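Structure record follows, encoded as structure tokens.
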Amino acid sequence: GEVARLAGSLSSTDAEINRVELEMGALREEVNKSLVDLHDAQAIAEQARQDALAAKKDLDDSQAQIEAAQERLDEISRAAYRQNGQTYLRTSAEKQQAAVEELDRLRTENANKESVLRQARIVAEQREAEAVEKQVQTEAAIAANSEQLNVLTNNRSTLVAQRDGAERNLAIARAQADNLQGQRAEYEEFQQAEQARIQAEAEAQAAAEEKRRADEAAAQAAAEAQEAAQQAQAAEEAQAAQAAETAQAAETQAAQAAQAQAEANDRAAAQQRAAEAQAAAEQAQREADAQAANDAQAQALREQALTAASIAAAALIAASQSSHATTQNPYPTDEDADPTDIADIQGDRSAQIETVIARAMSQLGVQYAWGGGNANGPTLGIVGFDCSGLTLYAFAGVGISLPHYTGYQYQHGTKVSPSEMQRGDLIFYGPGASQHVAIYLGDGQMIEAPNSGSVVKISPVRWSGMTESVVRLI
């Protein structure tokens, strides 16, 4: 059975599909960026313009402000002349000087504002030009990226062509494997993979226990090494302390020297014992990580064999039932032979549910094909899956054989009230499950193959048209 060659080439052309999809993404977003840049340069330009306008507004206010004060000086002189035909003469002379010096003020303020307008106008000139440039820039960047994208999508359509053909061949392979080797053939292969699953699972369980205990051993040897090294450290202390004190002081002389010898002896003794315990901790750590490496390696083989077992379970079921896609009788016509004959399909738990669900999610994106799907995967319509076809596919992974009809799937398992549904349950719609089926995924979302034109997708649970009960198979 050369499934695995096409399965591999399929999956590698799907790897190429996603290369090109991210590449297209990079270009598409490139345009999005310089679109952002353009709209912000435009906002900069319009803001520099409203700054220039603000400048002319106060410059004109300064104009007519100065002219209002000039005309008050004017009416002051007019009053003076008419009043030329004593305390008040003094204070009105002082008022006129106040007005003249105020006008001096407003004068130099207006010159400053004239320079402010010169610069606000130049700033708007500049950043308007900046926006003209960046505008044409991104129109041209769009031209380039639209053309390059059109290239990418030509490549993408040929890749998906290849992909549809390869999937179509994989369906051929699954059929030849299970439709060909009759029941007892897949039965033997299945019993083999189920046995290898239980054994490699037990083996991995043993490598995990020993890795845990070797890790405990690494810990004990490491701590003992550290203790012995600390006693070596205290020897260093007490030796330099003895050294300093004898440096700072006949028979008394021999007593000092003997204590120095005893100090050095204790030091090298605790030091050698520290070196020994630390090389021992190093061995214990090399063993603890050789054993952690084997625990990981054996756990990989454990779930590898667990998976190969689940698919061989799906294959037994597939070889157990007729093609639920054609009509031509796949049985003999003259009473002159004797075939295999297919089973009859018409009217812990947590780990089990997750295996089924992985199978349905693995088909996310597969196109709809009326009547498509079996225990081995998608099939040609009357390639893809239809709603009740997908559920049939998923539960065969845990050896649950379902009919390729919603109304009949509703008769299997246990009828739970819709309000207590949980992950793994079958949600049905239509009277007596005559219209549609989906798998509850938990957390108020479900996976389904819904209607013509929709790929296998995850959608929120729908309450309109729901049957009165859900069905729980595991």
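Letters A, B, ... go to the chains of the structure tokens in the order shown; residues in each chain start at 1; ligands are counted from 1 in the same order.
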
(request) Fewer than 2 positions away in the same chain doesn't count, so skip those; otherwise give me all residues within 8 Å of range 168-173 of chain A, counting only C-alpha atoms, as a ChimeraX atom specification. (result) /A:1-3,6-7,164-166,175-177,377-380,383

(request) Just the residues within 12 Å of residue 113 in chain A, please, counting only C-alpha atoms, with nothing from its chain fewer than 6 positions along; format it as an MDAnalysis selection string. (result) chainID A and resid 52 54:63 106:107 119:120

(request) Can you check which residues of range 377-468 of chain A DSSP gives as strand (DSSP E or B) on the backbone and send them as a PyMOL selection string? (result) chain A and resi 377+379+384-385+414-416+425-429+436-442+445-448+457-460+466

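Going from CA of residue 222 in chain A to CA of residue 281 in chain A covers 4.6 Å.
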
(message) Quick one: residues within 7 Å of residue 211 in chain A, only C-alpha atoms, excluding same-chain residues fewer than 6 positions away - as a ChimeraX atom specification?
(response) /A:288,291-292,295

Next, the residues of the selection above should be written as a PDB file, in the first residue's frame with N, CA and C atoms.
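What landed in selection_26.pdb:
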```
ATOM      1  N   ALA A 288      20.839  11.002  34.202  1.00  0.00           N
ATOM      2  CA  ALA A 288      19.495  11.559  34.227  1.00  0.00           C
ATOM      3  C   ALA A 288      19.108  12.167  32.879  1.00  0.00           C
ATOM      4  N   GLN A 291      18.608   9.312  30.231  1.00  0.00           N
ATOM      5  CA  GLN A 291      17.312   8.705  30.483  1.00  0.00           C
ATOM      6  C   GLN A 291      16.154   9.636  30.146  1.00  0.00           C
ATOM      7  N   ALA A 292      16.305  10.955  30.331  1.00  0.00           N
ATOM      8  CA  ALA A 292      15.277  11.880  29.851  1.00  0.00           C
ATOM      9  C   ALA A 292      15.206  11.905  28.326  1.00  0.00           C
ATOM     10  N   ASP A 295      13.266   8.772  27.448  1.00  0.00           N
ATOM     11  CA  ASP A 295      11.837   8.943  27.728  1.00  0.00           C
ATOM     12  C   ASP A 295      11.160   9.751  26.628  1.00  0.00           C
TER      13      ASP A 295
END
```

Could you list, as an mmCIF file with N, CA and C atoms, in the first residue's frame, every residue within 9 Å of range 445-451 of chain A, counting only C-alpha atoms and ignoring same-chain residues fewer than 2 positions away?
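Output below, filename out.cif:
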```
data_model
loop_
_atom_site.group_PDB
_atom_site.id
_atom_site.type_symbol
_atom_site.label_atom_id
_atom_site.label_comp_id
_atom_site.auth_asym_id
_atom_site.auth_seq_id
_atom_site.Cartn_x
_atom_site.Cartn_y
_atom_site.Cartn_z
ATOM 1 N N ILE A 357 -11.801 14.091 17.399
ATOM 2 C CA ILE A 357 -11.811 15.510 17.042
ATOM 3 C C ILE A 357 -10.602 15.882 16.197
ATOM 4 N N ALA A 360 -11.438 15.226 12.637
ATOM 5 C CA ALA A 360 -12.284 16.194 11.930
ATOM 6 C C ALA A 360 -11.535 17.492 11.607
ATOM 7 N N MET A 361 -10.813 18.048 12.580
ATOM 8 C CA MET A 361 -10.032 19.261 12.357
ATOM 9 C C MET A 361 -9.007 19.042 11.255
ATOM 10 N N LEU A 364 -10.154 20.307 8.035
ATOM 11 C CA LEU A 364 -10.570 21.689 7.877
ATOM 12 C C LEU A 364 -10.068 22.175 6.537
ATOM 13 N N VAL A 366 -11.390 21.096 3.591
ATOM 14 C CA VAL A 366 -11.769 20.230 2.471
ATOM 15 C C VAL A 366 -13.094 20.670 1.887
ATOM 16 N N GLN A 367 -13.123 20.687 0.590
ATOM 17 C CA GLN A 367 -14.282 21.091 -0.145
ATOM 18 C C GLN A 367 -15.429 20.097 0.028
ATOM 19 N N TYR A 368 -16.646 20.606 -0.086
ATOM 20 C CA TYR A 368 -17.849 19.785 -0.056
ATOM 21 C C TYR A 368 -18.021 19.002 -1.341
ATOM 22 N N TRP A 370 -21.149 16.246 -2.444
ATOM 23 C CA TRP A 370 -22.312 15.484 -1.981
ATOM 24 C C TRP A 370 -22.074 13.983 -1.867
ATOM 25 N N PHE A 385 -16.178 16.059 1.414
ATOM 26 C CA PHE A 385 -17.052 15.544 2.450
ATOM 27 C C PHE A 385 -18.358 16.315 2.412
ATOM 28 N N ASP A 386 -19.440 15.616 2.722
ATOM 29 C CA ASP A 386 -20.722 16.205 3.065
ATOM 30 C C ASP A 386 -20.919 15.980 4.562
ATOM 31 N N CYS A 387 -21.932 16.646 5.133
ATOM 32 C CA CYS A 387 -22.031 16.798 6.590
ATOM 33 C C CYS A 387 -21.960 15.462 7.325
ATOM 34 N N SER A 388 -22.839 14.522 6.958
ATOM 35 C CA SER A 388 -22.869 13.238 7.641
ATOM 36 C C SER A 388 -21.704 12.368 7.249
ATOM 37 N N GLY A 389 -21.082 12.683 6.118
ATOM 38 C CA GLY A 389 -19.874 11.987 5.724
ATOM 39 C C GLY A 389 -18.695 12.303 6.622
ATOM 40 N N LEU A 390 -18.566 13.564 7.027
ATOM 41 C CA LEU A 390 -17.457 13.922 7.891
ATOM 42 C C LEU A 390 -17.551 13.223 9.250
ATOM 43 N N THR A 391 -18.743 13.193 9.870
ATOM 44 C CA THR A 391 -18.869 12.541 11.178
ATOM 45 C C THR A 391 -18.564 11.056 11.050
ATOM 46 N N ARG A 423 -18.272 18.445 24.419
ATOM 47 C CA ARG A 423 -17.304 18.117 23.370
ATOM 48 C C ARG A 423 -17.384 16.640 22.962
ATOM 49 N N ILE A 427 -24.490 17.003 17.263
ATOM 50 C CA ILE A 427 -25.587 17.948 17.262
ATOM 51 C C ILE A 427 -26.336 17.704 15.968
ATOM 52 N N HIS A 436 -29.134 17.913 8.703
ATOM 53 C CA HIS A 436 -27.720 18.257 8.845
ATOM 54 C C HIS A 436 -27.155 17.678 10.137
ATOM 55 N N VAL A 437 -25.829 17.517 10.166
ATOM 56 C CA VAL A 437 -25.146 17.040 11.361
ATOM 57 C C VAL A 437 -23.808 17.742 11.559
ATOM 58 N N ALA A 438 -23.460 17.920 12.826
ATOM 59 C CA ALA A 438 -22.203 18.517 13.223
ATOM 60 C C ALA A 438 -21.748 17.891 14.540
ATOM 61 N N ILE A 439 -20.465 18.076 14.847
ATOM 62 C CA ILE A 439 -19.841 17.613 16.082
ATOM 63 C C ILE A 439 -19.685 18.797 17.025
ATOM 64 N N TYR A 440 -20.190 18.687 18.255
ATOM 65 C CA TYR A 440 -19.981 19.790 19.193
ATOM 66 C C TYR A 440 -18.514 19.780 19.574
ATOM 67 N N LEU A 441 -17.896 20.934 19.520
ATOM 68 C CA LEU A 441 -16.494 20.988 19.858
ATOM 69 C C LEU A 441 -16.262 21.465 21.288
ATOM 70 N N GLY A 442 -17.312 21.895 21.976
ATOM 71 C CA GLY A 442 -17.185 22.503 23.281
ATOM 72 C C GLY A 442 -16.964 23.996 23.194
ATOM 73 N N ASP A 443 -17.180 24.656 24.326
ATOM 74 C CA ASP A 443 -17.028 26.104 24.418
ATOM 75 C C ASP A 443 -17.857 26.845 23.359
ATOM 76 N N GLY A 453 -20.797 24.677 -1.325
ATOM 77 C CA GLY A 453 -20.003 25.892 -1.339
ATOM 78 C C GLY A 453 -19.240 26.263 -0.070
ATOM 79 N N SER A 454 -19.398 25.544 1.021
ATOM 80 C CA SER A 454 -18.680 25.872 2.235
ATOM 81 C C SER A 454 -17.685 24.765 2.511
ATOM 82 N N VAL A 455 -16.452 25.123 2.857
ATOM 83 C CA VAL A 455 -15.432 24.104 3.130
ATOM 84 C C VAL A 455 -15.693 23.590 4.532
ATOM 85 N N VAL A 456 -15.009 22.500 4.913
ATOM 86 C CA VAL A 456 -15.114 22.046 6.287
ATOM 87 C C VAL A 456 -14.596 23.158 7.150
ATOM 88 N N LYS A 457 -15.423 23.560 8.096
ATOM 89 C CA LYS A 457 -15.120 24.748 8.849
ATOM 90 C C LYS A 457 -15.665 24.618 10.247
ATOM 91 N N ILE A 458 -15.141 25.465 11.117
ATOM 92 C CA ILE A 458 -15.623 25.590 12.473
ATOM 93 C C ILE A 458 -16.597 26.744 12.508
ATOM 94 N N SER A 459 -17.775 26.516 13.071
ATOM 95 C CA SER A 459 -18.767 27.573 13.158
ATOM 96 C C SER A 459 -19.376 27.518 14.551
ATOM 97 N N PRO A 460 -19.883 28.640 15.058
ATOM 98 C CA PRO A 460 -20.649 28.599 16.306
ATOM 99 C C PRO A 460 -21.892 27.751 16.168
ATOM 100 N N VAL A 461 -22.279 27.131 17.299
ATOM 101 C CA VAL A 461 -23.453 26.267 17.348
ATOM 102 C C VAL A 461 -24.701 27.039 16.982
ATOM 103 N N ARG A 462 -25.511 26.452 16.121
ATOM 104 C CA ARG A 462 -26.770 27.051 15.725
ATOM 105 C C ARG A 462 -27.956 26.441 16.455
#
```
